[PDB]
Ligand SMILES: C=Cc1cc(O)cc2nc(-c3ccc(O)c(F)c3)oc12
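First comes one chain, alone, set out as structure tokens in the form deposited without the named molecule.
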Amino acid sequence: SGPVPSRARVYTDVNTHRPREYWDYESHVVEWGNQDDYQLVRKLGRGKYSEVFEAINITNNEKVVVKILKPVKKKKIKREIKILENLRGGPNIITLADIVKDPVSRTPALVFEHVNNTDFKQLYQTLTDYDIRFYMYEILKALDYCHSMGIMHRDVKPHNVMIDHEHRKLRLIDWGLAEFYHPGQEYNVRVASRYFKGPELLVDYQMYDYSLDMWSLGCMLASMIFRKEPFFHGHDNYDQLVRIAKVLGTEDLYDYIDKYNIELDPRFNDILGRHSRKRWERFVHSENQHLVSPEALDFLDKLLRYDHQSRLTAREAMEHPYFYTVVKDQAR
């Protein structure tokens, strides 16, 4: 009889009470600049939607990052630009410095403040328990800020968390998948990376909200305290839900399905089966035990829930005992 509607527990009508210009990005007017103001120094990477370069601003010798966008709908470019502008200056949000076009190619490119990146692959094993708590708290600052501004990131993963460990700075980047939250809107479930997709994406429930990001955060946390990246490592979008079900159990999954009257893909009942909810001690061993504590397990359990409404909000997560010490150290 159709899925049951859902509304965000927090920041439900933030966009409704703001002026139309804030969230109606299709009508945003962009003043494009000349990319000749920047000389590309070196290539940093080739992402899924763009190519990234370290560049120099020849007008003031500023080190910057130039993200030349691959051919995509101008609607998405406007969306990312508008979101970056609305969030500019927020805590732990990457800063859009300029918006330019190649004078000959007319290809759009976004200019960002430079951040001294540290690769998460080599940084995982460097992180102590306290470092994990600290950087999780910083990510929570960024997520709560963007959620309070009516925006869900929809692509939270280690690749999109730049960390300067020398100065303990953190930036949440890559807002090309972010969207404005509007109550009752049905969103595309073909977003985010497979390993960090919330169950609502895998079962094709389109009326999701900021809580999606929180699920992603949980996944990240599970990979850090357990030293298993990625934690839910599925072959495809169906095997991803199967890998989740083998940990969280199938009982809560089918309760979630029935609560929202979600029409499950018939190829799921052939592979989901019946699984108990595993205790987290199952994943603890001598190599990761120093990163696991009762507080970490309680926090992670409150993040990884099938029901998106029952997940902690970013603000609620910032108040968990797992971060107490961090908060204590931040009062200095």
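The first residue of the sequence shown is number 1, and the count goes up from there. What we label the rigid core is the largest C-alpha set whose atoms superpose within 1.5 Å from one form to the other. Shifts are known only where both forms have a C-alpha.
Colleague: Between 64 to 72 and 263 to 271, point out the one with the higher average CA B-factor as the PDB entry records it.
Modeller: Of 263 to 271 and 64 to 72, the stretch with the higher C-alpha B-factor average is 263 to 271.
Colleague: Per the record, averaged over C-alpha atoms, which has the higher B-factor: 139 to 147 or 162 to 170?
Modeller: Higher of the two, by average CA B-factor, is 162 to 170.
Colleague: Which one of 175, 187, 181, 124 shows the biggest C-alpha B-factor in the PDB entry?
Modeller: Within the set 175, 187, 181, 124, 124 shows the top C-alpha B-factor.
Colleague: Quiz for you: based on the deposited Cα B-factor, which of 102, 213, 200, 98 is highest?
Modeller: Top of the list by C-alpha B-factor: 102.
Colleague: Among the chain's modelled residues, which third holds the C-alpha B-factor of residue 108?
Modeller: Middle third of the chain for residue 108's C-alpha B-factor.
Colleague: Compare the C-alpha B factor of residue 206 with those of the other modelled residues in its chain, then answer lowest, middle or highest third.
Modeller: CA B-factor rank for residue 206: lowest third.
Colleague: According to the PDB entry, is the CA B factor of residue 218 in the bottom, middle or top third of its chain, that is, lowest, middle or highest?
Modeller: Answer is lowest: the recorded C-alpha B-factor places it there.
Colleague: Based on the entry's values, in what third of the chain does the Cα temperature factor of residue 40 lie: lowest, middle or highest?
Modeller: Ranked within chain, residue 40 CA B lands in the middle tercile.
Colleague: Going by the entry, which third of its chain does the Cα temperature factor of residue 233 land in?
Modeller: It falls in the top third of the chain.
Below, we refer to the form solved in complex with the named molecule, which is not included among the displayed structures.
Colleague: With the partner left out here, check for me: in the deposited bound form, does some heavy atom of residue 174 sit within 4.5 Å of the named molecule?
Modeller: Yes, residue 174 sits close enough to the named molecule in the deposited bound form that at least one of its heavy atoms falls within 4.5 Å.
Colleague: With heavy atoms only and a cut-off of 4.5 Å, decide whether residue 65 touches the named molecule in the deposited bound form.
Modeller: Looking in the deposited bound form, residue contacts with the named molecule include residue 65, since a heavy atom lies within 4.5 Å.
Colleague: Spell out, yes or no, whether the shortest heavy atom distance between residue 284 and the named molecule in the deposited bound form is within 4.5 Å.
Modeller: No.
Colleague: Are any of the heavy atoms in residue 259 no more than 4.5 Å from a heavy atom of the named molecule in the deposited bound form?
Modeller: Contact check for residue 259: no, nothing within 4.5 Å of the named molecule in the deposited bound form.
Colleague: Of 88, 227, 159, 182, which residue is found within 4.5 angstroms of the named molecule in the deposited bound form when only non-hydrogen atoms are counted?
Modeller: The residue in contact is 159.
Colleague: Taking the named molecule in the deposited bound form, would 210, 304 and 309 all count as contacting it (heavy atom within 4.5 Å)?
Modeller: Checked in the deposited bound form: no contact with the named molecule for any of the three.
Colleague: For a quick check of understanding: after superposing on the core, name the runs of at least three residues, shared by both forms, whose CA atoms each shift 2 angstroms or more between the shown form and the other one.
Modeller: CA shift runs, sequence order: 119 to 122, 124 to 126.
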